[PDB]
Amino acid sequence: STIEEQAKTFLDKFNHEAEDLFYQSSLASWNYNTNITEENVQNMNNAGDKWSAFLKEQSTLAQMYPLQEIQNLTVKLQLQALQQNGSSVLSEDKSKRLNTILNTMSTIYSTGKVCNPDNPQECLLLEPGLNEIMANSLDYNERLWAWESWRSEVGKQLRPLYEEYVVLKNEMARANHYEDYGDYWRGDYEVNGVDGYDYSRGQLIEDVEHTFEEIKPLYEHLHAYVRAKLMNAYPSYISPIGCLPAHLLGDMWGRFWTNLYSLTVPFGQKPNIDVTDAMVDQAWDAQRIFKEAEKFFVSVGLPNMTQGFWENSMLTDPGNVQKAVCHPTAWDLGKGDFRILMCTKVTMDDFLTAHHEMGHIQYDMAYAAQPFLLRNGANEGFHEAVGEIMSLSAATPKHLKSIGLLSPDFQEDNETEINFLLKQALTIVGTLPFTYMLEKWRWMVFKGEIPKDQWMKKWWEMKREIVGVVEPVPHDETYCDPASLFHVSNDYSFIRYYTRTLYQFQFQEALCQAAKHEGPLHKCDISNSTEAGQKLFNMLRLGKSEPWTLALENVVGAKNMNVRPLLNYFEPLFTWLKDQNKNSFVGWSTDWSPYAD
Amino acid sequence: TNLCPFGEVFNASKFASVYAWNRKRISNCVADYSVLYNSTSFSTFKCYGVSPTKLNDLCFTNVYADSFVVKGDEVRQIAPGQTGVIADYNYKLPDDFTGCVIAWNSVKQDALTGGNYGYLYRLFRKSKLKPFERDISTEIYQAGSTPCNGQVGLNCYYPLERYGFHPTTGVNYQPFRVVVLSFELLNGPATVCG
Ligand SMILES: *[C@@H]1O[C@H](CO)[C@@H](O)[C@H](O)[C@H]1NC(C)=O
Ligand SMILES: *[C@@H]1O[C@H](CO)[C@@H](O)[C@H](O)[C@H]1NC(C)=O
Ligand SMILES: *[C@@H]1O[C@H](CO)[C@@H](O)[C@H](O)[C@H]1NC(C)=O
Ligand SMILES: *[C@@H]1O[C@H](CO)[C@@H](O)[C@H](O)[C@H]1NC(C)=O
Ligand SMILES: *[C@@H]1O[C@H](CO)[C@@H](O)[C@H](O)[C@H]1NC(C)=O
Ligand SMILES: [Zn+2]
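The listed protein sequences derive, respectively, from chains A and C.
Under the entry's author numbering, read the first sequence as residues 19 to 615, first letter to last.
Under the entry's author numbering, read the second sequence as residues 333 to 526, first letter to last.
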């Protein structure tokens, strides 16, 4: 007779209908992904339209229940997740305009046609072209040309589209009682109505800035080392005490520094660890790789994979006669149907990636008992952390000697440890300042603290101040260099990567302390540690039914984000960099530029 | 001295829905429960008060055999003192249960590629069911307070949803054909035993 009873019954009806509808949708999407035809795309699109129409109608029916008159926390969470319709709050003409803007930006990014001025008929696309150019090449002029050309070809066109996009998104967010679109994104980490576990939306910015201020020294030492090694690799194009040029960072933007491993290797004569040949010798295939992953996951006490997984998953490239996308994914089709779609070669990298995807699948299987609307991570940055901790635990030499891929007489030394830690810092520590600066700029542009006639100026000076990266060519206010990234031009939140990088090391430290690991944290293996597996499952089984702060406390014992585990992980490389850079200036001056001589 | 029609009960082609479970009165025959015990094709065979292998040399007045289909994780509701959408709104057993439950996986028969949406079950009810009572009504459930005149609208929805059975769904969502026996004692003579 009350309102909460009606809300509960409506949520029951919605769950029981949406589960079957989403199962059909994901099933059609799977049939498309493993079998690329035209009728399969038709069925996938039709199921997607059905699911979206059902979701919109259910949000319309759910907006009739006020949250202020609901006491149950789980019912309130489900009603709040179902009531957020999105763009339907704005007008119809503005909605269609915003949709066309997004589609145009995505199309211009995906089909960017940049070509050298020497011959217009032949030229390189983004993926098989500019990426390999910025990742493998070494000529300074070539990388500069690639960078500047892609920028002037993409951002110069995306600038007015991005301006109108910003205005329309701010309008939509202010219509949804938010302050701006950045606040709408920060609403993911928001927690309300839980005494002792609350979390505001500006507290996210506060903790992010604090954690980055605590990270600053390690990143500064890594940046000094990389600048020295690049000055060795580029004799007259890098200042010894200045910033690094933006096109020498290993890719189109400088997101990851993984492509500087060969240029910045500590001991180039020591062979980095690789178990591909031991796999080739012992007749290792996809099935054996995934069986070893399942065994690793069941050793910590987590349940093994289901039969439907081994019967329905696409673990090998299905020959040539039928084409399929070869991006590794963890599929939660619903109704207890978990699958993995991955074209796995006989490689150690594919081995670690299979471990990562099976960690995703384990996390999916954990919270399968939660209601439909609560079957997801605690926040946006939990799944990839759960995957990365498994990748780290399975990549250690102890595990590789355990499964018999490494000789028992292997003499691990400080040189290989330092090499591995430096590569890990290039792929991990190198992306944290980039991510933080990009999300800070995007939040400040969504807020209004950056007028549209100051966009690129503030962007570049923030990059120089935070990331320590300087552009090689001055850019006027016609560029939209942020939109040159996939996430900025396709409407994706970027802070999940920062939060995930911190959460994965928090998880690793807690799981290793629960495993009674003695020694450095980078040599930790959670294998055969059922106590750690239980400590992790206690959070994995929650889903998003509890505040993410409580879920984090359930593992690391602390309610808040922290960088102490990451620093404790990278202490050995930190002391090594401190011992190495004592004869070199650490830091950067935000004034020196390669275009002002 | 006849064999009880267990063939047209277990080996039957299609089982009824859980909200309309088939109720068959078996009597005046000879049933050896040892072959049902040793079939070893069922995943659940549990009852208390009398052992199944020890019950063979016993009989009562009349026996009832309930049969239906549910999901995989819904066979645990078929037990005395349980709570769930099946134990309350679809099929209730008394605490003084005298028979037991026979359930087995039936994906080969009740699951078709594309979805077998022919199995129904009641989701809502104004009050929980009493033990051994059937409800096959089709009236609309009133969640709110205003009458909706037998039409679905706000706070009004058909209280009969369908099981979506697919051959690929996990065991917790696979169709499980459930058979439930009942042994009642009256003042009449015993007619059905080995
Ligand atoms: C892929 O789809 C085509 C038609 O769209 C069908 O003929 C073919 O059998 C399918 N292949 C597989 C492996 O299912
Ligand atoms: C919320 O409702 C669920 C049933 O849907 C119940 O199990 C739970 O205890 C309730 N919690 C609160 C705080 O009311
Ligand atoms: C997974 O664990 C169950 C539990 O005993 C076992 O029956 C099954 O054989 C295991 N799967 C594999 C592939 O070993
Ligand atoms: C885990 O325990 C199993 C069983 O004793 C053993 O075979 C394996 O080598 C162990 N692995 C590790 C990493 O401890
Ligand atoms: C019905 O079919 C099943 C499966 O073939 C079989 O095991 C069972 O014995 C059959 N029923 C009878 C009464 O024989
Ligand atoms: Zn992943």
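The C-beta atom is built at its ideal place from N, Cα and C for all residues, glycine as well.
Chain-ordered chain A contacts of residue i [CB-CB under 8 Å]
i	result
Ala475 of chain C	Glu23, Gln24, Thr27, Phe28
Proximal residues of chain C, C-beta to C-beta of residue i below 8 Å
i	result
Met82 of chain A	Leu486
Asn330 of chain A	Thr500
residue 12 of chain A	Residue 12 of chain A is absent from the structure shown; chain A starts at 19 and stops at 615.
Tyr41 of chain A	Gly496, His498, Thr501
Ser19 of chain A	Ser477
Where residue i meets chain C, residues with beta-carbon distance less than 7 Å
i	result
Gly326 of chain A	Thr500, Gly502
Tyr381 of chain A	By Cβ distance, chain C contributes nothing, its closest Cβ being about 16 Å from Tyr381 of chain A, past 7 Å.
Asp38 of chain A	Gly496
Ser77 of chain A	Under the 7 Å cutoff, chain C gives no residues; its nearest Cβ is about 14 Å from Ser77 of chain A.
Residues of its chain near residue i, where Cβ-Cβ distance is below 7 Å and the 5 sequence neighbours each way are ignored
i	result
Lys470 of chain A	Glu181
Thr501 of chain C	none
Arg482 of chain A	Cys261, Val488, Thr608
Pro463 of chain C	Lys424, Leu425, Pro426
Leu281 of chain A	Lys247, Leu248, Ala251
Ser257 of chain A	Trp610
Sequence-distant residues of its chain with Cβ nearer than 8 Å to residue i (five each side left out)
i	result
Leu390 of chain C	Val382, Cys525
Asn49 of chain A	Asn58, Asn61, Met62
Spatial neighbours of residue i in its chain, beta-carbon cut-off 6 Å, leaving aside the 5 residues before and after
i	result
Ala528 of chain A	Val573, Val574
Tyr127 of chain A	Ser507
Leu240 of chain A	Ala443, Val447
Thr347 of chain A	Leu359
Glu406 of chain A	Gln522
First and last residue of the uninterrupted alpha helix (DSSP H) at residue i
i	result
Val503 of chain C	Here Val503 of chain C belongs to no alpha helix (DSSP H), and DSSP marks it neither H nor E.
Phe512 of chain A	Per DSSP, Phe512 of chain A belongs to no alpha helix (DSSP H) and is neither H nor E.
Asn250 of chain A	220 to 251
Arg192 of chain A	158 to 193
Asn33 of chain A	21 to 51
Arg115 of chain A	110 to 128
Extent of the continuous beta strand (DSSP E) run through residue i
i	result
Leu513 of chain C	508 to 516
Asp201 of chain A	Counting along the chain, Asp201 of chain A falls outside any beta strand (DSSP E), though it belongs to the alpha helix (DSSP H) covering 199 to 204.
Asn397 of chain A	Unbroken run through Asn397 of chain A: none, as it is neither H nor E.
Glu493 of chain C	492 to 497
Nearest to residue i (by Cα), restricted to the options the options
i	options	result
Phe369 of chain A	A:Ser77, A:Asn277, A:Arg306	A:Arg306
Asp269 of chain A	A:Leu560, A:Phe452, A:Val463	A:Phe452
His228 of chain A	A:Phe603, A:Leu591, A:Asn578	A:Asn578
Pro178 of chain A	A:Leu120, A:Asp225, A:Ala342, A:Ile233	A:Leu120
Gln409 of chain C	C:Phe342, C:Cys432, C:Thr333, C:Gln441	C:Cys432
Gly200 of chain A	A:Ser611, A:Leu456, A:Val604	A:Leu456
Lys356 of chain C	C:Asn519, C:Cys488, C:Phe515, C:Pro521	C:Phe515
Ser547 of chain A	A:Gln522, A:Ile256, A:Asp499, A:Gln526	A:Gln526
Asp206 of chain A	A:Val212, A:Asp213, A:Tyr217	A:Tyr217
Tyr243 of chain A	A:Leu440, A:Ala164, A:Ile291, A:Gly337	A:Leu440
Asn388 of chain C	C:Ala419, C:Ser371, C:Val362, C:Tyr490	C:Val362
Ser124 of chain A	A:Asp509, A:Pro538, A:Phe592	A:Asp509
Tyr505 of chain C	C:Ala419, C:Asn437, C:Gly416, C:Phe347	C:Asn437
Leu236 of chain A	A:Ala386, A:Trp610, A:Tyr587	A:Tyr587
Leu162 of chain A	A:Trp271, A:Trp461, A:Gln76	A:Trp271
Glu208 of chain A	A:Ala80, A:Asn397, A:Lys74	A:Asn397
Interface partners of residue i on chain A, CB under 7 Å
i	result
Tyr489 of chain C	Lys31
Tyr505 of chain C	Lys353, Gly354
Within chain C, partners of residue i - CB distance below 9 Å
i	result
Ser502 of chain A	Those do not exist, as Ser502 of chain A stays about 42 Å from chain C at its closest Cβ, beyond 9 Å.
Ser124 of chain A	Here the premise fails: no neighbours, minimum Cβ distance about 32 Å.
Interface residues of chain A facing residue i [CB-CB closer than 9 Å]
i	result
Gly447 of chain C	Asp38, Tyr41, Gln42, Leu45
Inset, instruction - Scan the stretch 368 to 395 of chain C and note each continuous alpha helix (DSSP H) run of 4 residues or more that stays entirely inside, going in chain order. - result: 384 to 387
Legend entry - Contained alpha helix (DSSP H) runs [length at least 4] in the stretch 407 to 450 of chain C, N- to C-terminal order: 439 to 442
Legend entry - Complete alpha helix (DSSP H) runs within the stretch 56 to 92 of chain A (minimum length 4 residues, chain order): 57 to 80
Legend entry - Sequence ranges, alpha helix (DSSP H) only - wholly within the stretch 345 to 395 of chain A, length at least 4: 366 to 384
Legend entry - Those runs of the alpha helix (DSSP H) which lie wholly inside the stretch 290 to 320 of chain A and span at least 4 residues: 294 to 299, 304 to 317
Inset, instruction - Please go through the stretch 427 to 466 of chain A and give each complete alpha helix (DSSP H) segment of 4 or more residues, from N-terminal end onward. - result: 432 to 446, 450 to 465
Inset, instruction - Jot down the residue ranges of each uninterrupted alpha helix (DSSP H) in the stretch 535 to 590 of chain A, minimum 4 residues, whole runs only, in chain order. - result: 548 to 558, 566 to 574, 582 to 587
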